[PDB]
Amino acid sequence: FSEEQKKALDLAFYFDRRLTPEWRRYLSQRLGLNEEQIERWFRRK
């Protein structure tokens, strides 16, 4: 995990933490992760 990404996950979580599949699809494109990684992370918060 790059810390540059970790900071983008934390920040998007303090904006919206309910992952709509329409927004999960997005974060993955902007931050470069695959959808099961973005989800599991939110779970740890």
# chains A, B, ... in the order shown; residues from 1 in each chain; ligands from 1
$ residues_around --residues "stretch 35-43 of chain A" --least-positions-apart "4" --cutoff "10 Å" --atoms "only C-alpha atoms" --output "PDB file with C-alpha atoms, in the first residue's frame"
ATOM      1  CA  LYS A   6      -3.697   5.269   2.404  1.00  0.00           C
ATOM      2  CA  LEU A   9      -8.667   6.139   1.490  1.00  0.00           C
ATOM      3  CA  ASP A  10      -8.860   7.798   4.900  1.00  0.00           C
ATOM      4  CA  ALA A  12     -12.633   9.617   1.146  1.00  0.00           C
ATOM      5  CA  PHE A  13     -13.869   7.727   4.163  1.00  0.00           C
ATOM      6  CA  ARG A  17     -18.128   5.827   4.066  1.00  0.00           C
ATOM      7  CA  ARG A  18     -21.108   4.127   2.459  1.00  0.00           C
ATOM      8  CA  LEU A  19     -19.684   2.554  -0.639  1.00  0.00           C
ATOM      9  CA  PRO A  21     -20.880   0.337  -6.149  1.00  0.00           C
ATOM     10  CA  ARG A  24     -16.393   1.903  -5.336  1.00  0.00           C
ATOM     11  CA  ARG A  25     -15.927   1.592  -9.085  1.00  0.00           C
ATOM     12  CA  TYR A  26     -14.546   5.096  -9.029  1.00  0.00           C
ATOM     13  CA  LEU A  27     -12.072   5.118  -6.133  1.00  0.00           C
ATOM     14  CA  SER A  28     -10.427   2.090  -7.720  1.00  0.00           C
ATOM     15  CA  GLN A  29      -9.763   4.117 -10.884  1.00  0.00           C
ATOM     16  CA  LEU A  31      -6.385   5.468  -6.525  1.00  0.00           C
TER      17      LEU A  31
END
$ select_by_dssp --residues "chain A" --states "alpha helix (DSSP H)" --output "PyMOL selection string"
chain A and resi 3-13+21-31+35-43
$ write_last_selection --atoms "N, CA, C and O atoms" --output "short mmCIF file (atom, residue, chain, number, x, y, z; two decimals), in the first residue's frame"
data_model
loop_
_atom_site.label_atom_id
_atom_site.label_comp_id
_atom_site.auth_asym_id
_atom_site.auth_seq_id
_atom_site.Cartn_x
_atom_site.Cartn_y
_atom_site.Cartn_z
N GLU A 3 1.52 5.03 1.00
CA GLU A 3 0.96 5.96 1.98
C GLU A 3 0.19 7.08 1.31
O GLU A 3 -0.74 7.65 1.88
N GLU A 4 0.56 7.36 0.06
CA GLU A 4 -0.16 8.33 -0.75
C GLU A 4 -1.57 7.84 -1.03
O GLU A 4 -2.49 8.63 -1.23
N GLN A 5 -1.73 6.52 -1.05
CA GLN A 5 -3.04 5.93 -1.28
C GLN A 5 -3.81 5.88 0.03
O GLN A 5 -4.94 6.35 0.11
N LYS A 6 -3.14 5.39 1.06
CA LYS A 6 -3.70 5.27 2.40
C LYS A 6 -4.34 6.57 2.86
O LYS A 6 -5.40 6.57 3.50
N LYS A 7 -3.69 7.68 2.53
CA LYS A 7 -4.20 9.01 2.85
C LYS A 7 -5.43 9.37 2.04
O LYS A 7 -6.26 10.18 2.47
N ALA A 8 -5.57 8.75 0.87
CA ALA A 8 -6.70 9.00 -0.01
C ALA A 8 -7.89 8.14 0.37
O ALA A 8 -9.04 8.48 0.08
N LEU A 9 -7.62 7.03 1.05
CA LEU A 9 -8.67 6.14 1.49
C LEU A 9 -9.27 6.78 2.73
O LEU A 9 -10.49 6.93 2.84
N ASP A 10 -8.40 7.17 3.67
CA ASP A 10 -8.86 7.80 4.90
C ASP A 10 -9.71 9.05 4.64
O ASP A 10 -10.74 9.26 5.29
N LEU A 11 -9.27 9.86 3.68
CA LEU A 11 -9.97 11.11 3.32
C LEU A 11 -11.29 10.97 2.62
O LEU A 11 -12.20 11.79 2.80
N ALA A 12 -11.41 9.90 1.86
CA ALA A 12 -12.63 9.62 1.15
C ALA A 12 -13.59 8.92 2.08
O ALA A 12 -14.80 8.96 1.89
N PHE A 13 -13.03 8.32 3.14
CA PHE A 13 -13.87 7.73 4.16
C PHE A 13 -14.50 8.78 5.07
O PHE A 13 -15.62 8.60 5.55
N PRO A 21 -21.61 0.98 -5.04
CA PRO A 21 -20.88 0.34 -6.15
C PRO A 21 -20.51 1.30 -7.27
O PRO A 21 -19.53 1.08 -7.99
N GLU A 22 -21.26 2.39 -7.37
CA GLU A 22 -20.97 3.42 -8.35
C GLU A 22 -19.81 4.29 -7.91
O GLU A 22 -19.23 5.04 -8.71
N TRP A 23 -19.44 4.17 -6.64
CA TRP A 23 -18.38 5.01 -6.09
C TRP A 23 -17.19 4.15 -5.73
O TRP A 23 -16.05 4.63 -5.69
N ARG A 24 -17.46 2.88 -5.48
CA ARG A 24 -16.39 1.90 -5.34
C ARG A 24 -15.66 1.71 -6.65
O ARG A 24 -14.43 1.59 -6.70
N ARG A 25 -16.44 1.73 -7.73
CA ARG A 25 -15.93 1.59 -9.09
C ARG A 25 -14.99 2.73 -9.41
O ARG A 25 -13.99 2.56 -10.10
N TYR A 26 -15.33 3.88 -8.86
CA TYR A 26 -14.55 5.10 -9.03
C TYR A 26 -13.22 5.17 -8.28
O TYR A 26 -12.18 5.37 -8.90
N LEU A 27 -13.27 5.05 -6.96
CA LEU A 27 -12.07 5.12 -6.13
C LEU A 27 -11.00 4.22 -6.74
O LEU A 27 -9.84 4.63 -6.86
N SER A 28 -11.37 3.00 -7.10
CA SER A 28 -10.43 2.09 -7.72
C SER A 28 -9.71 2.68 -8.93
O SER A 28 -8.54 2.36 -9.17
N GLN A 29 -10.38 3.53 -9.70
CA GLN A 29 -9.76 4.12 -10.88
C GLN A 29 -8.82 5.26 -10.58
O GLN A 29 -7.80 5.45 -11.24
N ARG A 30 -9.19 6.02 -9.55
CA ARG A 30 -8.46 7.23 -9.24
C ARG A 30 -7.26 6.82 -8.38
O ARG A 30 -6.18 7.38 -8.54
N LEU A 31 -7.45 5.84 -7.48
CA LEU A 31 -6.38 5.47 -6.52
C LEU A 31 -5.59 4.23 -6.94
O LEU A 31 -4.54 3.95 -6.36
N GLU A 35 -11.41 -3.54 -6.37
CA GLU A 35 -12.55 -3.17 -5.54
C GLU A 35 -12.60 -3.91 -4.20
O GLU A 35 -13.17 -3.40 -3.24
N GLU A 36 -12.01 -5.10 -4.11
CA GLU A 36 -12.05 -5.83 -2.85
C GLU A 36 -11.11 -5.24 -1.79
O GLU A 36 -11.24 -5.52 -0.60
N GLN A 37 -10.16 -4.42 -2.24
CA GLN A 37 -9.18 -3.77 -1.37
C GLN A 37 -9.72 -2.49 -0.76
O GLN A 37 -9.49 -2.20 0.42
N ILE A 38 -10.44 -1.73 -1.58
CA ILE A 38 -11.07 -0.50 -1.14
C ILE A 38 -12.14 -0.76 -0.08
O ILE A 38 -12.22 -0.06 0.93
N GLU A 39 -12.95 -1.79 -0.32
CA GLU A 39 -14.00 -2.23 0.61
C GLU A 39 -13.52 -2.69 2.00
O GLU A 39 -13.94 -2.15 3.02
N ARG A 40 -12.62 -3.67 1.99
CA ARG A 40 -12.04 -4.29 3.20
C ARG A 40 -11.41 -3.27 4.13
O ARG A 40 -11.42 -3.42 5.35
N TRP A 41 -10.88 -2.22 3.52
CA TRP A 41 -10.23 -1.13 4.22
C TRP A 41 -11.27 -0.35 5.02
O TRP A 41 -11.08 -0.09 6.21
N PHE A 42 -12.35 0.03 4.35
CA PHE A 42 -13.43 0.75 4.99
C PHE A 42 -13.96 -0.07 6.16
O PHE A 42 -14.44 0.47 7.15
N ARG A 43 -13.87 -1.40 6.03
CA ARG A 43 -14.39 -2.29 7.06
C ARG A 43 -13.57 -2.13 8.33
O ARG A 43 -14.10 -2.29 9.43
#
